[PDB]
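See below for the structure under consideration.
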Amino acid sequence: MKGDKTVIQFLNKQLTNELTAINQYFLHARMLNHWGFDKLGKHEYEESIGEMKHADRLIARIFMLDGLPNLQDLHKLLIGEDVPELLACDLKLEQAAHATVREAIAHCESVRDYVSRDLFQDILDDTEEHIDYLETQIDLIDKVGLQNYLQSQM
Amino acid sequence: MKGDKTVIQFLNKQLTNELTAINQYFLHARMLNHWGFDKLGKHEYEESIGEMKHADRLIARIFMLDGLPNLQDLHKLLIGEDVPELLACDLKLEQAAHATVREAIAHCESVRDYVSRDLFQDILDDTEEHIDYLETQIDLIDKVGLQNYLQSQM
Amino acid sequence: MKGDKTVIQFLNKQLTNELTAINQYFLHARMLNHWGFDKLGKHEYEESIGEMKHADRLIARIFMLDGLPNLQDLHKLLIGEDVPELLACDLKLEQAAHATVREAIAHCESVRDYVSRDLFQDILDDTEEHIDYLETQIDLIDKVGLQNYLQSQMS
Amino acid sequence: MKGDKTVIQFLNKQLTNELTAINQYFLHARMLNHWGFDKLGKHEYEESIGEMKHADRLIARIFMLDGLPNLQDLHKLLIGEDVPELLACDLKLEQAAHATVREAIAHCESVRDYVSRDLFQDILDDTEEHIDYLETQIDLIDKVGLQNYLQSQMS
Amino acid sequence: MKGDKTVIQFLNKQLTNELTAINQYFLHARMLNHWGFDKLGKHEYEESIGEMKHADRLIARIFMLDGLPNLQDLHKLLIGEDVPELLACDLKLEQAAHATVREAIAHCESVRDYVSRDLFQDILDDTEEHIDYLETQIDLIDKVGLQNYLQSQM
Amino acid sequence: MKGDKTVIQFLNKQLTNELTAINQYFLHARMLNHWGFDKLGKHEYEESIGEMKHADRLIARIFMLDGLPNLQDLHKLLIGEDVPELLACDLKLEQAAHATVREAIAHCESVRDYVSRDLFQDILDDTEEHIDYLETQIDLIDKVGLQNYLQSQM
Amino acid sequence: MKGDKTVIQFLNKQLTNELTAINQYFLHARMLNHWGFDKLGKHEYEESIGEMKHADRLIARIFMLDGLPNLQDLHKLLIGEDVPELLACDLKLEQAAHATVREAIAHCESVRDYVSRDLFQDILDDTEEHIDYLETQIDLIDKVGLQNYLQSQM
Ligand code: HEM
Ligand code: HEM
Ligand code: HEM
Ligand SMILES: [Ba+2]
Ligand SMILES: [Ba+2]
Ligand SMILES: [Cl-]
Ligand SMILES: [Cl-]
Ligand SMILES: [Fe+2]
Ligand SMILES: [Fe+2]
Ligand SMILES: [Fe+2]
Ligand SMILES: [Fe+2]
Ligand SMILES: [Fe+2]
Ligand SMILES: [Fe+2]
Ligand SMILES: [Fe+2]
């Protein structure tokens with residue numbers, strides 16, 4: 001079918017964000033395993049997998065709209081050097097992606113690509129849940145203290 | 001059946017206590033989830049459910065005695081801003097409810113409404129169990145220290 | 001996350017509506033059990049439980065947006081004195097709540113809080129199902145006659 | 001195979017009758033659900049499904065005889081405004097369809113299309129069962145009274 | 001409930017589209033069986049059933065909004081005389097229905113009938129899935145050649 | 001542990017090759033689904049997943065050797081415009097990766113990183129199996145003819 | 001079969017390393033149980049069992065090559081007096097064994113005893129896994145602090 005060109009552009013922009021998040025979260029996950037914080041690492045690994053599923057949905061939609069999915073580009077990965085930075089890096093990445101998705105929904109609405117809007121709404125819901133999780137973890141560090149927070153992730 | 005009007009007044013007073021506790025404990029439960037203290041949040045959620053079952057028993061008894069249950073009124077909720085205050089707010093609320101129930105029992109005994117007395121005895125037992133639980137949590141915070149206590153609630 | 005303050009005010013307005021409905025329908029459900037209309041009482045009880053679930057969803061959303069859920073306030077309960085009035089009281093309550101949710105959806109859309117719009121959409125759908133059920137019960141009373149309607153609610 | 005053109009015209013006439021009935025009974029079934037008479041609505045829905053099966057059999061037979069099935073045309077639906085009229089509308093529709101099928105059987109016999117006669121015989125039998133059911137419902141309304149009849153259709 | 005009269009008009013317009021598609025796809029399904037292309041016939045039969053379920057949802061919504069569903073009218077059926085034409089006729093029909101649904105969504109949004117909008121969004125999604133399927137079959141015919149395509153449908 | 005710096009460099013070079021292959025094969029897989037060649041698309045999808053597993057093993061080894069895995073870089077994706085080109089693109093990518101892996105093994109051997117050598121040997125075995133598969137598919141096209149080959153992939 | 005005398009010498013050198021590790025890790029395991037650090041004790045016990053299986057494989061290979069396995073000799077055990085020292089003593093022992101195995105591999109390659117080489121490769125892999133585990137425990141002690149680390153081992 002012939003999709004709106006700007007909708008395909010938003011699908012490819014959010015795809016670049018998802019590919020960036022797959023790699024960041026995958027790297028962070030294996031880094032947490034390497035550090036011996038496997039409980040947090042497992043949660044991080046599942047977030048990487050969730051971004052792979054988002055990327056897969058975007059790619060399928062782009063083909064349906066007759067566009068070419070862009071798997072070539074990546075944003076700069078935000079890599080933490082300890083657990084508090086790791087969480088803040090992931091938070092910054094999801095906050096940036098949230099903005100793309102919110103603008104994509106308003107665009108889909110305006111060009112009456114209402115099925116692409118429902119894909120982006122699903123993504124936005126998952127993105128806010130992940131932001132809420134990250135904000136909670138960063139606040140827990142301060143309340144339980146870093147050493148206890150790290151102990152709980154072993 | 002025509003119940004004693006002052007027994008029905010005590011049943012409605014305690015129903016107001018129970019509705020206030022449903023709401024305080026439900027709000028506290030969801031606040032604890034929001035803070036990432038899910039273990040304590042799950043327990044607080046079960047206390048809210050316990051108060052809904054007390055309210056249900058009071059409402060059933062009031063109808064049976066030809067009264068109208070009062071679901072309109074609520075006491076001021078005691079909302080904590082952190083875990084220590086949350087526990088102290090629940091304790092204060094249960095101590096106030098315990099005083100109403102002890103008074104209601106003495107009154108049901110004096111007017112020989114012995115089945116209403118048995119319902120209030122069941123509530124008084126559950127209330128003391130909750131007060132004991134709360135007083136223990138408050139003492140544990142001082143023994144294990146607040147950072148450990150909160151770590152254990154994640 | 002920092003939610004829009006007017007979206008939070010709509011989530012809180014709808015939370016007061018849901019809290020009112022929990023209590024009206026719970027009271028109505030136990031009143032129906034007391035009258036011996038336990039079939040209708042069981043359905044009314046399940047509607048109260050459905051409102052507790054809507055309240056729970058709104059409370060979670062308000063915390064996520066950094067707001068404080070309002071469990072202190074309640075609208076005036078509309079309490080029926082017989083089965084026809086009980087159904088009419090529930091219908092008036094759901095019609096007023098429908099008006100809030102529909103306004104809240106339009107506001108979420110205009111400030112681009114699309115996740116909060118999806119919560120309100122789900123509640124709107126549940127609310128129209130409930131309104132349809134109530135309008136149907138009021139019409140059935142008229143078609144089968146009140147004494148048959150009540151007979152059918154006995155168990 | 002080359003079927004008799006007048007047999008194909010009867011298969012198509014009966015197909016229009018079945019298509020009309022699918023739609024009348026589907027609409028009636030959903031109308032009964034909307035009114036809260038779900039027991040009668042479920043039975044009406046199963047009659048609509050039964051007509052879809054008859055339509056399917058006629059369409060297959062028409063293709064086998066090298067004809068083209070007519071799904072474009074429909075008779076005027078007879079839509080009731082209440083339960084007594086709904087049943088009377090269904091009865092009028094089945095009585096008119098009975099007349100077509102009975103004529104079609106006589107024609108199949110006279111041109112020795114005996115397989116098409118057996119399809120029409122099966123439909124005739126189903127149609128008389130449906131007519132008997134409808135006449136019985138109309139008589140029950142009179143014997144138990146409309147308010148009891150409707151009560152019994154609530155669920 | 002009293003629905004918007006123009007929303008009910010869109011629900012009835014789409015109901016006419018769906019009834020036309022039930023019949024076109026059922027006829028095409030049985031024609032494919034008659035031709036010995038049972039695999040494609042089974043798929044076309046399932047698309048007809050899918051349109052009956054869409055029609056059922058529209059009828060239920062119209063009653064709920066105090067309208068009368070229109071099962072009297074049908075559009076002209078687009079009947080193919082071979083497999084390539086059959087697929088092109090279904091595609092043309094779904095493209096026309098897609099235009100009605102997109103218009104109905106924009107209208108339900110403008111008048112704030114947001115539950116009717118959600119029903120039309122579900123239909124629009126199913127419709128694009130079917131259009132994608134049809135456009136793919138038409139492209140496969142040119143890639144594998146018509147004789148192979150038909151062989152695969154036996 | 002302190003890994004040889006050039007071993008880590010080879011692990012990161014083969015990681016870039018694996019990330020390139022994940023994306024190429026994932027894109028090719030969903031493109032084959034879009035074209036209606038799902039049997040080939042499923043096989044392509046499983047090759048993408050196999051490259052994800054290779055990438056995961058490389059990343060874990062790099063952390064163990066105290067290096068930082070590079071998920072930022074990608075080679076130019078070789079994207080086909082039809083099935084014969086798709087297969088030739090995948091073949092060219094695996095032939096290029098084969099050279100990196102063969103040089104990595106000789107390097108690991110020379111610096112006595114014998115455990116990294118065994119990882120690269122496993123990769124080389126999987127790479128040759130995939131090359132053999134691709135060479136076979138390209139020869140089958142010529143023997144059965146393209147239209148039959150495509151028909152068999154539907 | 002007549003094995004190379006220097007290969008048999010390496011098999012016996014590594015057998016001495018393995019016997020020393022069986023005993024060091026078994027003693028450390030039972031010391032950890034004695035101290036009440038059962039979780040860490042269970043892991044240390046499984047490492048001792050792993051070294052018994054390595055010793056068993058070396059003994060079998062030596063017999064096969066017509067040598068006599070040396071179970072008479074042991075290196076000096078490195079015994080810790082607390083948990084941090086215990087971990088550092090195991091790490092030192094595994095680092096020394098890793099050096100013998102890397103040398104033995106290079107020698108088996110040079111004299112073309114390729115089956116003995118494959119046995120030493122298996123041991124080298126298991127050894128690096130244990131070294132990585134130990135280096136991680138030592139880093140966790142500094143991140144979570146010694147009191148938390150020990151708490152987690154109870
Ligand atoms: C184009 C980017 C990618 C896409 C679309 C993608 C897609 C997928 C999908 C759909 C799954 C299965 C999800 C499920 O059903 O459970 C999966 C699994 C996985 N992916 Fe990815 N992926 C991508 C990139 C990566 C990267 C860059 C890595 C690591 C370097 C990776 C590692 C994994 C792992 C370890 C699994 C688990 C699969 C298994 O063995 O069960 N992926 N991927
Ligand atoms: C009149 C006040 C209320 C009454 C009488 C009431 C009654 C009940 C009862 C009897 C139950 C099931 C008890 C059981 O586990 O067997 C229940 C469940 C529940 N109530 Fe309430 N409730 C009230 C107010 C509330 C409020 C304010 C909330 C706040 C959201 C709430 C949320 C819930 C939830 C989440 C459940 C769990 C539902 C389930 O899965 O079974 N309730 N309520
Ligand atoms: C008002 C138009 C129609 C409506 C609303 C309708 C509705 C339905 C529904 C809801 C089903 C079952 C859906 C499911 O699988 O769960 C069904 C089944 C079926 N319909 Fe229709 N239908 C319509 C017209 C037709 C027409 C024109 C035909 C042509 C013969 C037809 C033939 C069938 C057949 C063969 C089945 C399968 C029955 C079974 O085994 O369950 N329908 N219909
Ligand atoms: Ba601790
Ligand atoms: Ba009766
Ligand atoms: Cl702990
Ligand atoms: Cl009865
Ligand atoms: Fe995502
Ligand atoms: Fe209580
Ligand atoms: Fe609600
Ligand atoms: Fe029929
Ligand atoms: Fe449809
Ligand atoms: Fe690979
Ligand atoms: Fe060993």
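Letters A, B, ... go to the chains of the structure tokens in the order shown; residues in each chain start at 1; ligands are counted from 1 in the same order.
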
Within 9 Å of ligand 11 (only C-alpha atoms and all ligand atoms), residues as a list in words: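 After applying the 9 Å limit, what remains is residues 14, 15, 17, 18, 19, 21, 22, 47, 48, 50, 51, 52, 53, 54, 55, 94, 97, 123, 124, 126, 127 and 130 of chain D.
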
Determine which residues of stretch 5-86 of chain F DSSP labels as alpha helix (DSSP H) from the backbone of this structure, then write them out as an mmCIF file with C-alpha atoms, in the first residue's frame.
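Below you can see out-v8.cif, which holds the result:
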```
data_model
loop_
_atom_site.group_PDB
_atom_site.id
_atom_site.type_symbol
_atom_site.label_atom_id
_atom_site.label_comp_id
_atom_site.auth_asym_id
_atom_site.auth_seq_id
_atom_site.Cartn_x
_atom_site.Cartn_y
_atom_site.Cartn_z
ATOM 1 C CA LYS F 5 44.748 -6.318 23.005
ATOM 2 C CA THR F 6 44.843 -7.622 19.424
ATOM 3 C CA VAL F 7 42.629 -10.635 20.407
ATOM 4 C CA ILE F 8 40.101 -8.113 21.782
ATOM 5 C CA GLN F 9 40.453 -6.191 18.519
ATOM 6 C CA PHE F 10 39.648 -9.375 16.546
ATOM 7 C CA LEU F 11 36.712 -10.157 18.882
ATOM 8 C CA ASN F 12 35.383 -6.575 18.185
ATOM 9 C CA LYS F 13 36.044 -6.889 14.408
ATOM 10 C CA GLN F 14 34.067 -10.172 14.296
ATOM 11 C CA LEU F 15 31.372 -8.517 16.543
ATOM 12 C CA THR F 16 30.971 -5.701 13.911
ATOM 13 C CA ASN F 17 30.627 -8.462 11.219
ATOM 14 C CA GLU F 18 27.985 -10.279 13.357
ATOM 15 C CA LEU F 19 25.994 -7.051 14.036
ATOM 16 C CA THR F 20 26.101 -6.324 10.261
ATOM 17 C CA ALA F 21 24.824 -9.892 9.550
ATOM 18 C CA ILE F 22 22.049 -9.701 12.235
ATOM 19 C CA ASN F 23 20.643 -6.567 10.555
ATOM 20 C CA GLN F 24 21.124 -7.742 6.946
ATOM 21 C CA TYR F 25 19.514 -11.132 7.592
ATOM 22 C CA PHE F 26 16.728 -9.622 9.725
ATOM 23 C CA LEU F 27 15.911 -7.086 7.038
ATOM 24 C CA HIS F 28 16.134 -9.805 4.290
ATOM 25 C CA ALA F 29 13.901 -12.089 6.395
ATOM 26 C CA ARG F 30 11.109 -9.500 6.796
ATOM 27 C CA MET F 31 11.512 -8.485 3.107
ATOM 28 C CA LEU F 32 10.979 -12.173 2.129
ATOM 29 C CA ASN F 33 7.831 -12.222 4.391
ATOM 30 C CA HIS F 34 6.620 -9.005 2.692
ATOM 31 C CA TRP F 35 7.158 -10.675 -0.765
ATOM 32 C CA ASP F 38 7.767 -17.169 3.976
ATOM 33 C CA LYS F 39 9.641 -20.499 3.875
ATOM 34 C CA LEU F 40 12.843 -18.724 2.792
ATOM 35 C CA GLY F 41 11.998 -15.867 5.168
ATOM 36 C CA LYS F 42 11.756 -18.190 8.121
ATOM 37 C CA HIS F 43 15.184 -19.726 7.283
ATOM 38 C CA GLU F 44 16.608 -16.155 6.933
ATOM 39 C CA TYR F 45 15.081 -15.179 10.332
ATOM 40 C CA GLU F 46 16.780 -18.223 11.958
ATOM 41 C CA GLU F 47 20.137 -17.133 10.411
ATOM 42 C CA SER F 48 19.669 -13.615 11.974
ATOM 43 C CA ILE F 49 18.996 -15.270 15.355
ATOM 44 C CA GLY F 50 22.121 -17.456 14.948
ATOM 45 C CA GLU F 51 24.198 -14.226 14.415
ATOM 46 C CA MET F 52 22.630 -12.735 17.569
ATOM 47 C CA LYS F 53 23.914 -15.791 19.472
ATOM 48 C CA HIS F 54 27.398 -15.398 17.942
ATOM 49 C CA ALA F 55 27.358 -11.663 18.874
ATOM 50 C CA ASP F 56 26.316 -12.578 22.434
ATOM 51 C CA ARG F 57 29.254 -15.050 22.780
ATOM 52 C CA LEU F 58 31.731 -12.447 21.436
ATOM 53 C CA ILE F 59 30.486 -9.739 23.838
ATOM 54 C CA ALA F 60 30.750 -12.081 26.848
ATOM 55 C CA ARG F 61 34.337 -13.070 25.862
ATOM 56 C CA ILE F 62 35.399 -9.424 25.402
ATOM 57 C CA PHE F 63 34.170 -8.543 28.940
ATOM 58 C CA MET F 64 35.986 -11.560 30.399
ATOM 59 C CA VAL F 83 15.720 -13.219 -4.168
ATOM 60 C CA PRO F 84 18.766 -14.073 -6.330
ATOM 61 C CA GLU F 85 20.484 -10.815 -5.264
ATOM 62 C CA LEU F 86 19.439 -11.337 -1.610
#
```

Selection near residue E:148, 9 Å with only C-alpha atoms, sequence-local residues under 5 positions removed, as a VMD selection string: (chain E and resid 141 153) or (chain F and resid 147 to 148 151)

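Within 12 Å of residue C:110, once only C-alpha atoms are used and residues closer than 5 positions along the same chain are dropped, the contacting residues are residues 106 and 109 of chain A; 4, 6, 7, 103, 104, 105, 116 and 117 of chain C.
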
Restrict the selected residues to N, CA and C atoms and save them as a PDB file, in the first residue's frame.
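Final output, result-v2.pdb:
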```pdb
ATOM      1  N   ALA A 106       1.042  12.195  16.679  1.00  0.00           N
ATOM      2  CA  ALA A 106       0.297  13.377  16.203  1.00  0.00           C
ATOM      3  C   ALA A 106       0.363  13.431  14.670  1.00  0.00           C
ATOM      4  N   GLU A 109      -1.992  10.809  13.137  1.00  0.00           N
ATOM      5  CA  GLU A 109      -3.379  11.268  13.324  1.00  0.00           C
ATOM      6  C   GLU A 109      -3.724  12.239  12.192  1.00  0.00           C
TER       7      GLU A 109
ATOM      8  N   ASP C   4       1.130  16.394  32.778  1.00  0.00           N
ATOM      9  CA  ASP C   4       0.397  17.615  32.650  1.00  0.00           C
ATOM     10  C   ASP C   4      -0.532  17.742  33.874  1.00  0.00           C
ATOM     11  N   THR C   6      -3.308  19.425  34.241  1.00  0.00           N
ATOM     12  CA  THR C   6      -4.726  19.304  33.910  1.00  0.00           C
ATOM     13  C   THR C   6      -5.089  17.852  33.590  1.00  0.00           C
ATOM     14  N   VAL C   7      -4.177  17.050  33.016  1.00  0.00           N
ATOM     15  CA  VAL C   7      -4.455  15.625  32.860  1.00  0.00           C
ATOM     16  C   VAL C   7      -4.594  15.002  34.258  1.00  0.00           C
ATOM     17  N   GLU C 103     -14.727  14.344  28.139  1.00  0.00           N
ATOM     18  CA  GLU C 103     -13.968  15.626  28.234  1.00  0.00           C
ATOM     19  C   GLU C 103     -12.475  15.332  28.485  1.00  0.00           C
ATOM     20  N   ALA C 104     -12.189  14.330  29.340  1.00  0.00           N
ATOM     21  CA  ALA C 104     -10.801  14.005  29.688  1.00  0.00           C
ATOM     22  C   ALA C 104     -10.067  13.494  28.435  1.00  0.00           C
ATOM     23  N   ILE C 105     -10.731  12.678  27.622  1.00  0.00           N
ATOM     24  CA  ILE C 105     -10.103  12.171  26.423  1.00  0.00           C
ATOM     25  C   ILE C 105      -9.723  13.337  25.493  1.00  0.00           C
ATOM     26  N   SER C 116      -2.434   8.366  28.675  1.00  0.00           N
ATOM     27  CA  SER C 116      -3.582   8.639  29.559  1.00  0.00           C
ATOM     28  C   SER C 116      -4.868   8.620  28.724  1.00  0.00           C
ATOM     29  N   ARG C 117      -4.828   9.119  27.477  1.00  0.00           N
ATOM     30  CA  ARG C 117      -6.003   8.981  26.628  1.00  0.00           C
ATOM     31  C   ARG C 117      -6.397   7.491  26.525  1.00  0.00           C
TER      32      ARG C 117
END
```

Within 12 Å of chain F: residues of chain E, using only C-alpha atoms, as a PyMOL selection string: chain E and resi 129+132-153

Coordinates-based distance that separates atom CA of residue E:87 from atom CA of residue E:125 (Å, one decimal):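 Here the two named atoms are 19.4 Å from each other.
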
Residues near stretch 133-140 of chain C, cut-off 8 Å, only C-alpha atoms, skip fewer than 6 positions along chain, as a PyMOL selection string: (chain C and resi 84+87-88+90-91+149) or (chain D and resi 34-36) or (chain E and resi 1)

May I have the residues from that selection written out with N, CA and C atoms, as an mmCIF file, in the first residue's frame?
```
data_model
loop_
_atom_site.group_PDB
_atom_site.id
_atom_site.type_symbol
_atom_site.label_atom_id
_atom_site.label_comp_id
_atom_site.auth_asym_id
_atom_site.auth_seq_id
_atom_site.Cartn_x
_atom_site.Cartn_y
_atom_site.Cartn_z
ATOM 1 N N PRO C 84 -36.632 -0.236 40.671
ATOM 2 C CA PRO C 84 -36.649 0.759 39.551
ATOM 3 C C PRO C 84 -35.805 2.019 39.839
ATOM 4 N N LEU C 87 -31.940 1.248 39.725
ATOM 5 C CA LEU C 87 -31.362 1.224 38.365
ATOM 6 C C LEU C 87 -31.239 2.660 37.798
ATOM 7 N N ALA C 88 -32.252 3.506 38.008
ATOM 8 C CA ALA C 88 -32.264 4.888 37.481
ATOM 9 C C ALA C 88 -31.126 5.689 38.139
ATOM 10 N N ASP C 90 -28.260 4.440 39.323
ATOM 11 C CA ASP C 90 -26.992 3.959 38.692
ATOM 12 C C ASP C 90 -26.819 4.584 37.289
ATOM 13 N N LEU C 91 -27.905 4.681 36.529
ATOM 14 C CA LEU C 91 -27.824 5.240 35.187
ATOM 15 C C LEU C 91 -27.414 6.719 35.254
ATOM 16 N N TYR C 149 -40.248 -8.939 36.589
ATOM 17 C CA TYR C 149 -38.817 -8.550 36.577
ATOM 18 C C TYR C 149 -38.186 -8.972 37.921
ATOM 19 N N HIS D 34 -30.355 -6.790 21.975
ATOM 20 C CA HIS D 34 -30.433 -5.389 22.358
ATOM 21 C C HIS D 34 -31.591 -5.168 23.348
ATOM 22 N N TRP D 35 -32.715 -5.852 23.148
ATOM 23 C CA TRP D 35 -33.906 -5.738 24.032
ATOM 24 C C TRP D 35 -33.709 -6.532 25.320
ATOM 25 N N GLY D 36 -32.719 -7.398 25.410
ATOM 26 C CA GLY D 36 -32.469 -8.188 26.629
ATOM 27 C C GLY D 36 -33.238 -9.505 26.616
ATOM 28 N N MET E 1 -28.757 4.455 24.370
ATOM 29 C CA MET E 1 -28.025 5.782 24.441
ATOM 30 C C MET E 1 -28.329 6.517 23.127
#
```

Could you list, as a PDB file with C-alpha atoms, in the first residue's frame, all protein and nucleic acid residues with an atom at most 8 Å from ligand 5, counting only C-alpha atoms and all ligand atoms?
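Contents of the output file selection_14.pdb:
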```pdb
ATOM      1  CA  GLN C 147     -43.520  -8.222  39.412  1.00  0.00           C
ATOM      2  CA  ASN C 148     -42.078 -10.572  36.729  1.00  0.00           C
ATOM      3  CA  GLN C 151     -39.350 -12.595  40.262  1.00  0.00           C
TER       4      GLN C 151
ATOM      5  CA  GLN D 147     -45.386 -10.537  29.822  1.00  0.00           C
ATOM      6  CA  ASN D 148     -44.687 -14.165  30.897  1.00  0.00           C
ATOM      7  CA  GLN D 151     -39.924 -13.009  30.961  1.00  0.00           C
TER       8      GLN D 151
END
```

Chain A residues near chain C (12 Å cut-off, only C-alpha atoms) as a PyMOL selection string: chain A and resi 91+94-95+98-99+101-107+109+117-118+120-136

Please save C-alpha atoms of the selected residues as a PDB file, in the first residue's frame.
```pdb
ATOM      1  CA  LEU A  91      16.644   6.873  31.267  1.00  0.00           C
ATOM      2  CA  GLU A  94      14.043   6.401  26.647  1.00  0.00           C
ATOM      3  CA  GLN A  95      13.172  10.075  27.349  1.00  0.00           C
ATOM      4  CA  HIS A  98       9.463   9.196  23.980  1.00  0.00           C
ATOM      5  CA  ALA A  99       9.617  12.560  22.156  1.00  0.00           C
ATOM      6  CA  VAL A 101       6.964   8.552  19.410  1.00  0.00           C
ATOM      7  CA  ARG A 102       4.721  11.359  20.737  1.00  0.00           C
ATOM      8  CA  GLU A 103       5.432  13.470  17.572  1.00  0.00           C
ATOM      9  CA  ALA A 104       4.874  10.349  15.345  1.00  0.00           C
ATOM     10  CA  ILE A 105       1.387   9.790  16.860  1.00  0.00           C
ATOM     11  CA  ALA A 106       0.297  13.377  16.203  1.00  0.00           C
ATOM     12  CA  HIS A 107       1.633  13.073  12.608  1.00  0.00           C
ATOM     13  CA  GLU A 109      -3.379  11.268  13.324  1.00  0.00           C
ATOM     14  CA  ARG A 117      -0.885   5.603  15.163  1.00  0.00           C
ATOM     15  CA  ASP A 118      -2.017   2.424  17.145  1.00  0.00           C
ATOM     16  CA  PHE A 120       3.118   4.084  18.027  1.00  0.00           C
ATOM     17  CA  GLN A 121       0.584   4.277  20.935  1.00  0.00           C
ATOM     18  CA  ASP A 122       1.672   0.697  21.976  1.00  0.00           C
ATOM     19  CA  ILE A 123       5.292   1.779  21.832  1.00  0.00           C
ATOM     20  CA  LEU A 124       4.615   4.933  23.887  1.00  0.00           C
ATOM     21  CA  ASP A 125       2.865   2.859  26.633  1.00  0.00           C
ATOM     22  CA  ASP A 126       5.879   0.463  26.851  1.00  0.00           C
ATOM     23  CA  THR A 127       8.292   3.437  26.816  1.00  0.00           C
ATOM     24  CA  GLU A 128       6.555   5.162  29.757  1.00  0.00           C
ATOM     25  CA  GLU A 129       6.461   1.963  31.745  1.00  0.00           C
ATOM     26  CA  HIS A 130      10.257   1.629  31.205  1.00  0.00           C
ATOM     27  CA  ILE A 131      10.862   5.273  32.144  1.00  0.00           C
ATOM     28  CA  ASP A 132       8.820   4.735  35.370  1.00  0.00           C
ATOM     29  CA  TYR A 133      10.910   1.621  36.176  1.00  0.00           C
ATOM     30  CA  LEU A 134      14.215   3.542  35.646  1.00  0.00           C
ATOM     31  CA  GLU A 135      13.105   6.563  37.667  1.00  0.00           C
ATOM     32  CA  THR A 136      12.090   4.179  40.508  1.00  0.00           C
TER      33      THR A 136
END
```

Residue D:8 surroundings by only C-alpha atoms, 8 Å radius, close-in-sequence under 5 positions cut, as a tab-separated table (two decimals) with N, CA, C and O atoms, in the first residue's frame:
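In the end it all went to selection-v3.tsv:
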```
chain	number	residue	atom	x	y	z
D	3	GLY	N	-26.68	-28.03	-16.23
D	3	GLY	CA	-27.99	-28.12	-15.60
D	3	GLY	C	-29.12	-27.51	-16.43
D	3	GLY	O	-28.93	-26.65	-17.29
D	62	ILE	N	-25.53	-24.68	-7.69
D	62	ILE	CA	-25.59	-23.85	-8.88
D	62	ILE	C	-24.26	-23.94	-9.66
D	62	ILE	O	-24.27	-24.10	-10.91
D	65	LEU	N	-23.89	-27.06	-11.61
D	65	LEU	CA	-24.72	-27.17	-12.80
D	65	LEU	C	-24.34	-26.13	-13.84
D	65	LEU	O	-25.11	-25.92	-14.79
D	67	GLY	N	-24.07	-22.85	-13.52
D	67	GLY	CA	-24.82	-21.60	-13.48
D	67	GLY	C	-24.03	-20.59	-12.66
D	67	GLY	O	-22.97	-20.96	-12.10
```

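Take the candidates D:33, D:121, D:100, D:72 and check each one against chain C using only C-alpha atoms; the shortest distance goes to D:33.
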